[PDB]
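[1] Just dropping in an experimental structure and the matching sequence.
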Amino acid sequence: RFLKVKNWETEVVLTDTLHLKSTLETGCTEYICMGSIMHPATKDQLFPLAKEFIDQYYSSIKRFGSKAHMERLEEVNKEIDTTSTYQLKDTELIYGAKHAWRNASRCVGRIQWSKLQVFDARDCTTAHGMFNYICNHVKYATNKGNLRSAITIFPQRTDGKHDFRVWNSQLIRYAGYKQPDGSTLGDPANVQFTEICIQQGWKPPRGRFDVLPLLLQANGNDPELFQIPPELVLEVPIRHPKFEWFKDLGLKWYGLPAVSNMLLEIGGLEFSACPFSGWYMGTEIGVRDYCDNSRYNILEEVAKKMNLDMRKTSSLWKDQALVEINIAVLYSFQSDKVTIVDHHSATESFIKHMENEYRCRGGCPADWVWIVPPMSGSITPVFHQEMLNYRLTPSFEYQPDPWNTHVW
Amino acid sequence: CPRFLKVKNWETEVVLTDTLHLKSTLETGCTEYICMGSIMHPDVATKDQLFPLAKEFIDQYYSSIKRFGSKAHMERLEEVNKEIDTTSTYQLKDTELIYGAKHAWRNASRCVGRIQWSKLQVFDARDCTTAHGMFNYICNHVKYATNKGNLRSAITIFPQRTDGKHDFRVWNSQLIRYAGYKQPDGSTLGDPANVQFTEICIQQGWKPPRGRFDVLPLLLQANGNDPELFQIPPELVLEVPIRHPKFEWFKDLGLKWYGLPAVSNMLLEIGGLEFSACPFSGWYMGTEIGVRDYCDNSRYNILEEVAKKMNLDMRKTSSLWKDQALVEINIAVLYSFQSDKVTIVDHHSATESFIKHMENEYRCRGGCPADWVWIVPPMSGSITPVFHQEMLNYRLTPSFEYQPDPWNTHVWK
Ligand code: HEM
Ligand code: HEM
Ligand SMILES: CN(C)c1ccc(CCNCc2ccc3ccc(N)nc3c2)cc1
Ligand SMILES: CN(C)c1ccc(CCNCc2ccc3ccc(N)nc3c2)cc1
Ligand SMILES: C[C@H](O)[C@H](O)[C@H]1CNc2nc(N)[nH]c(=O)c2N1
Ligand SMILES: C[C@H](O)[C@H](O)[C@H]1CNc2nc(N)[nH]c(=O)c2N1
Ligand SMILES: [Zn+2]
């Protein structure tokens, strides 16, 4: 059946047919919703996935059933038949990557989906090569502050024994350190990976914002350590437009958000290493990285300098300190000519994107739990937007951290 | 289905295991290939249909009270059965009904205040026959629940649906709400939410004051007759003028709200029986008023005005002038209710208490259905503990259900 979604502030109702195209399971059943749960090949398996992907490729370019289509199908079959896998054409790789982004139910920045610089790194064979490709990515994507969306794609998985993996969760992330007293210096989310790096020979400065090094694994081999040239790492000192004491807090963050731990699945093929990068929505930094209890956890300190009444929770002193911090972040990146979107602008763009997608594509999978920003929820349009969620392919999936499987 | 489902809290790392979901009764709207978790909403029963529903419930009751398989249990089954054979329905004892109402609350996956579920004063109004009697019962509800501002949760239960042609209904969505009036210029006065019901009221003969906070009259249907209008005694309606602990100008906004949230349009389903008029009340979470009632664009929509008075730069959105005003408004709401000693809970306290509730439910009950989309407060989500808490959502019965608005279905006499 067709399904309607309503926006309760504007009363707009879109009709969803696209959901009928999916085959992967969301996790829910008719009796149990898991919408707030974070995580709910052979030749025989490989061809239909290949065939479905090529079919939608040639359908997207309005040449379905054509000679090129037929031959390509024959070509891919004849290759899986004799190699137990197949290689994507350059065209398919780019279409595939942009469509994985287009299909990411959790991404509020999808209005940018078709503007994506794809770097083919399928000829890479070593970690040194990986470091080269990654360094080129960062310099390109950063672009002196005028960030650009990029993705660098390393060889697809073969037997599982020879995966390319980027061990860092993001190409640029700060170190975290378990102190003697049991506290954490720096970013607590990275304490494990920070220790693995040190175990491998990395000499840590042991400060609050130390850039982690790259840990790259090629062809299933032991991973290797590489320092990103500091000139390639754009960072922003966080200050406040009215509060001149905010710089005293000693806050900074990096400009490039570049996720490196995911798995890009195309046409039945698995790219275990596909670090991609966009730009920030301020709350990522302002709300989550800085204020989460398990993260930098600065709320109390900020509210102290704000001299707020902190005895009872009903002074909303946390809510006060929160808005001010996120103002600082947006003010800093802007003042430094580094690309950054606030959550009002971002969510609006997403609504506008949704309407585009419904009109041209008959739907748009969207994960309300993730789309709604972690602050000021209902004063953004997305809060009032009914969304449907389903899994379309190609896509970005999660994968085991490498240090749980890899044998040295 | 899997018999053991795990949920994690990513802030504390606590994992809980859910087994209660196995006793799920109705469809959620979701399937294996699609999730409807952000969808707001995704002629009677018969003899053969009612037996399993009643027995299911009765078994559950005698289970709670540790008398399962007893003489009293088996006799109650025999009595309910015979009643359904001979009258096509059955009547709940006063104990079964109270249990039932408390558990519909306990089962409410969308409700962040369920830690209070066991403290619910239940008024049995099954002897009601007229609209005037409904109004009597409803006035008594309000006075007791209000309690001079030290509010107490309560429910009044009217006779159950029988053949569908004699339903009791409260046409109000809440017993206390403000009128909305559509002007010929397109602008609305009062509360945009209640414009349709306000119009219905004027049709039925209400002479509206036509102001910004005018308490709606009650529209009451008993036994399937046409509804009748009654004015709630003003002395029974506790209100709070909204002011700010720091901004003197905030009182000049002329803002007030009522103390008692009193939802009156849900259906209460217990053991296959349908109580189409079951007004219930609790007390407010601050955000309901400060964020939703006040700042929603389709509602009172005061953000711009509050921002103007805060002298905020409102050209660009990245100044966060909206977020700045929203917090202040919510501080004022909380500050006012507390100053007038009217019970109210901030979103930090409530979400925090619900986590404790949820954990205890997993412990003593094997689970606790919850709607993350609804539980997480509409402001500062990630800085409350429920944002980080994985929840499973599913429908247990007894339950509060939605039902069509009565003017859509009522055959006028
Ligand atoms: C261009 C500007 C972009 C913006 C403003 C943006 C915004 C966001 C935000 C705010 C999230 C929430 C993630 C979190 O809270 O941890 C997200 C998630 C996500 N984004 Fe985008 N993004 C952008 C670019 C991209 C690109 C270039 C890709 C891939 C090619 C992408 C794919 C994804 C995926 C797969 C997720 C899911 C995250 C997860 O599963 O953990 N985004 N995005
Ligand atoms: C005692 C204090 C209570 C608090 C703080 C509380 C809190 C809340 C809040 C904040 C909501 C969201 C409402 C909305 O966003 O529109 C809600 C929903 C709900 N509550 Fe509670 N609640 C309380 C009492 C009760 C009681 C006494 C009952 C019934 C006996 C109840 C049953 C429900 C139900 C069925 C919903 C779903 C609302 C809907 O579907 O529209 N609650 N609660
Ligand atoms: C494994 N777990 C629990 C877990 C998995 C993913 C996350 C979120 C990681 N994704 C962050 C992320 C991913 C892609 C992005 C794209 C653009 C952007 N501005 N931020 C972005 C941020 C958190 C926890
Ligand atoms: C028909 N639609 C679109 C619609 C349905 C329900 C809602 C939410 C109404 N729920 C209100 C409600 C219900 C129970 C409550 C219990 C306690 C409390 N403080 N507020 C409470 C508030 C909004 C729109
Ligand atoms: C339990 C819940 O699913 C988890 O906390 C989610 C909630 N929504 C989120 N939304 C975004 N954008 N990012 C997140 O990490 C999360 N975390
Ligand atoms: C579209 C979305 O499902 C809708 O706006 C919901 C979201 N969560 C909510 N949560 C609460 N508590 N109350 C609401 O009215 C809503 N509205
Ligand atoms: Zn679901």
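    Good, I have the coordinates. Numbers count the residues shown, from 1 in each chain, chains lettered A, B, ... in the order given. Ligands and ions are numbered 1, 2, ... in the order given.

[2] Show me the helices in chain A, by range?
    A:43-60, A:67-83, A:90-102, A:127-142, A:191-199, A:282-283, A:290-291, A:299-305, A:317-335, A:343-361, A:368-371 (DSSP state H).

[3] Can you say which of these is nearest to ligand 2?
    Ligand 2 sits nearest to helix A:368-371 of all the helices of chain A, at 15.0 Å, using C-beta to the nearest ligand atom. (Each C-beta comes from the backbone N, C-alpha and C, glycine too.)

[4] ok, the residue in chain A that ligand 5 sits nearest to to residue A:285 distance?
    Taking C-beta to the nearest ligand atom as the measure, the point where chain A comes nearest ligand 5 is residue A:370, at 3.9 Å. According to C-beta to C-beta, to the nearest Å, residue A:370 and residue A:285 sit 17 Å apart.

[5] Have a look at the two and say which one is more surrounded.
    With neighbours defined as other C-beta atoms under 10 Å in any protein chain shown, residue A:370 and residue A:285 compare such that residue A:285 has more, 26 against 18.

[6] isn't that one right next to residue A:332, touching?
    No. Using C-beta atoms under 8 Å, residue A:285 is not in contact with residue A:332; the gap is 9.6 Å.

[7] Spell out which parts of chain A neighbour ligand 6.
    When proximity is defined by C-beta under 6 Å from any ligand atom, chain A lies next to ligand 6 at A:8, A:383, A:384, A:385, A:386.

[8] Filter those down to the buried ones.
    Buried by 16 or more other C-beta atoms under 10 Å in any protein chain shown: A:383, A:384, A:385, A:386, out of the residues of chain A next to ligand 6.

[9] Nearest spatial neighbour of the first one, chain-adjacent residues omitted?
    Closest residue in space to residue A:383, ignoring its immediate chain neighbours: residue A:377 at 4.8 Å, by C-beta to C-beta, 6 or more residues apart in numbering or on different chains.

[10] Quick check, the one you found in contact with residue A:384.
    No. In this structure residue A:377 lies outside contact range of residue A:384 using C-beta under 8 Å: 9.7 Å.

[11] Would you map the strands across the stretch 151-300 of chain A?
    For the stretch 151-300 of chain A, applying DSSP state E, counting those that start in this stretch gives strands covering A:165-166, A:176-178, A:184-186, A:214-217, A:224-226, A:235-237, A:252-254, A:258-259, A:263-266, A:269-271, A:276-277, A:280-281.

[12] The third one and chain B in contact?
    Yep, that's strand A:184-186 we're talking about. No. Between strand A:184-186 and chain B, judged by C-beta under 8 Å from any C-beta of the partner chain, nothing touches; the nearest distance is 14.3 Å.

[13] And the contacts of that strand?
    Strand A:184-186 is contacted from outside by A:174-179, A:191, A:194, A:206-210, using C-beta atoms under 8 Å, 6 or more residues apart in numbering or on different chains.

[14] I'd like the distance between the residue nearest to residue A:383 and residue A:56.
    35 Å.

[15] neighbour-wise, which of these two wins?
    More crowded of residue A:377 and residue A:56, by other C-beta under 10 Å: residue A:377, with 23 against 19.

[16] what residue of chain A is the furthest out?
    residue A:311 (38.1 Å; C-alpha atoms, centre = their mean).

[17] Please name whichever of the helices of chain A is nearest to ligand 4.
    Using C-beta to the nearest ligand atom, the helices of chain A put helix A:368-371 closest to ligand 4, at 15.4 Å.

[18] Any residues of chain A in contact with ligand 3? List them.
    By C-beta under 6 Å from any ligand atom, the part of chain A that sits against ligand 3 consists of A:38, A:109, A:257, A:259, A:278, A:279, A:280, A:281, A:284.

[19] Need the max-distance pair from these.
    Greatest spacing in the residues of chain A next to ligand 3, by C-beta to C-beta: A:38 and A:279 (23.8 Å).

[20] Looking at those two, which is more packed in?
    Higher neighbour count among residue A:38 and residue A:279: residue A:279, with 21 against 12, using other C-beta under 10 Å.

[21] what's that one in contact with, if anything?
    Per C-beta under 8 Å, 6+ apart, neighbours of residue A:279: A:109, A:147, A:149, A:255, A:256, A:257, A:339, A:340, A:341.

[22] can you check residue A:141 too?
    With C-beta under 8 Å, 6+ apart, residue A:141 has these contacts: A:117, A:147, A:148, A:149, A:150, A:256, A:258, A:277.

[23] Would you mind listing what in the stretch 1-150 of chain A touches ligand 7?
    Contacts of the stretch 1-150 of chain A with ligand 7, taken as C-beta under 5 Å from the ion, map to A:28, A:33, A:35.

[24] Let's have those in TSV, adding distance to residue A:122.
    What follows is those, written out as TSV (distance: C-beta to C-beta, whole Å):
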residue	distance to residue A:122
A:28	36
A:33	39
A:35	36
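
[25] if I look at the residue of the stretch 151-300 of chain A found nearest ligand 7, how far off is ligand 2?
    Residue nearest to ligand 7 within the stretch 151-300 of chain A: residue A:265 (22.0 Å; C-beta to the ion). Going from residue A:265 to ligand 2 by C-beta to the nearest ligand atom, to the nearest Å gives 38 Å.
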